[PDB]
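Let's start with one chain on its own, the form deposited in one PDB entry, as structure tokens.
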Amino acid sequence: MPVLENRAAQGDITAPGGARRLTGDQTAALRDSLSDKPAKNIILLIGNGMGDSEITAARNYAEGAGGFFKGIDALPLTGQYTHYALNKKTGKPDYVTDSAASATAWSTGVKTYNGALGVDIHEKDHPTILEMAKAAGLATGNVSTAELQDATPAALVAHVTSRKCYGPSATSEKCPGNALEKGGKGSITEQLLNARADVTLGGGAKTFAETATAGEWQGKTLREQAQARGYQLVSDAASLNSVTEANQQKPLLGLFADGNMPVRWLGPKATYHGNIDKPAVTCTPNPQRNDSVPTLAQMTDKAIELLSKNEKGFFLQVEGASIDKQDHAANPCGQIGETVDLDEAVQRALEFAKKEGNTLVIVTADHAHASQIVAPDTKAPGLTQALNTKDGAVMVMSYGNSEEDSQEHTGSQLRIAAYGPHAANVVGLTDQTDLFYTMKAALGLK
């Protein structure tokens, strides 16, 4: 199936037809993109908080307005999907979701309240697409740049009434019903160790330092439990590259940072009237990110390599987490750099899929964020910053939907694109929960 090779402005932006992205009619290419045959594998790439605005800002800065992200923009089937949550007490819609509810929606097929993981408004557990995939025998992978206990990666393997329930200690006071010592299934980190996906890579080594309050591994740190349960623990790129196999007998657990893995690009924080009073910024590569710390692209590629050895097929979810984090921190450079980071991973995925032929690749976000691209002369009430793009022009970003600590989320529907068998299911308007059913039906799971 054809992948959009190039959708950059074809010529001189200033001349007639020079800004065009199409070189001819697309009917035939679209026909060839449609297939209902079964999917052997599925790679779901999530850009945390990556709505259309974030994609545009990143493209403008890193590739120029007439540019083209080889990964993110290359998926042929596109659509828009709704991601509202539910109010726990009333059951009515709550228009602006958080990452927990949204992650639950696509991972279990049911709407829930803000902050829940793998449970509905009645606090009932529902099997995740990963658990189901593992049950059917497929290999499973879960990769992220955030703390593995964070919402997005946690939703696939944990069922807790509150996302804050990272380890034993926090769970005991915030999720008493889930607390291990109270007959619950355990904390997020604990349920993660139980779920046993073949490949799990990301940050969050900190919580693994906690000690189990009850159960078979009481007294032992969660890391010791991992080792004792046969997990292959990796903590740097070198070690990651050395892994030859990862399976149920010896699952891979890569903890590359105590918390969130390092951001790719550094830049100052947006300030009040920053586009007016401060000069234009040019982002700079983060020097503390390490040749020893794998990038999302490397983690993705390795994961694909190990997971592909299972002839049954595989399910892999990859998350570019810090797009959302930096967006919250009103830091344009960090936000854009993580989007660029995600793009590289989408490329890795698309390459593998293009040759394998039976892989469904999906790129989307969990929810919309606050960043907006405004006129250079804008006098906004919030935080702003001017950036020097690849076009050699200035672009101004504004974060003005919150006064408090962190810029907030928004309820706008957002882009979802797909490539491979069953991709037609992301076209037009759909809901985040349809994604669970699309992945399930594509994999022929029951």
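Counting begins at 1, following the sequence as shown.
What comes next is about the form solved in complex with a partner chain, which is not displayed.
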Heavy atom distance at most 4.5 Å to its partner chain in the bound PDB entry, all of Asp301, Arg348 and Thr359: no
I need to confirm a contact call. Of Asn114, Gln225, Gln191, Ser172, which residue comes within 4.5 Å of its partner chain in the bound PDB entry, counting heavy atoms only? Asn114
4.5 Å heavy atom contact, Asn241 and its partner chain in the bound PDB entry: no
When the contact criterion is heavy atoms within 4.5 Å, does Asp98 count as touching its partner chain in the bound PDB entry? yes
Any non-hydrogen atom of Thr221 within 4.5 angstroms of its partner chain in the bound PDB entry: no
Interface membership of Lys325, its partner chain in the bound PDB entry, 4.5 Å heavy atom rule: yes
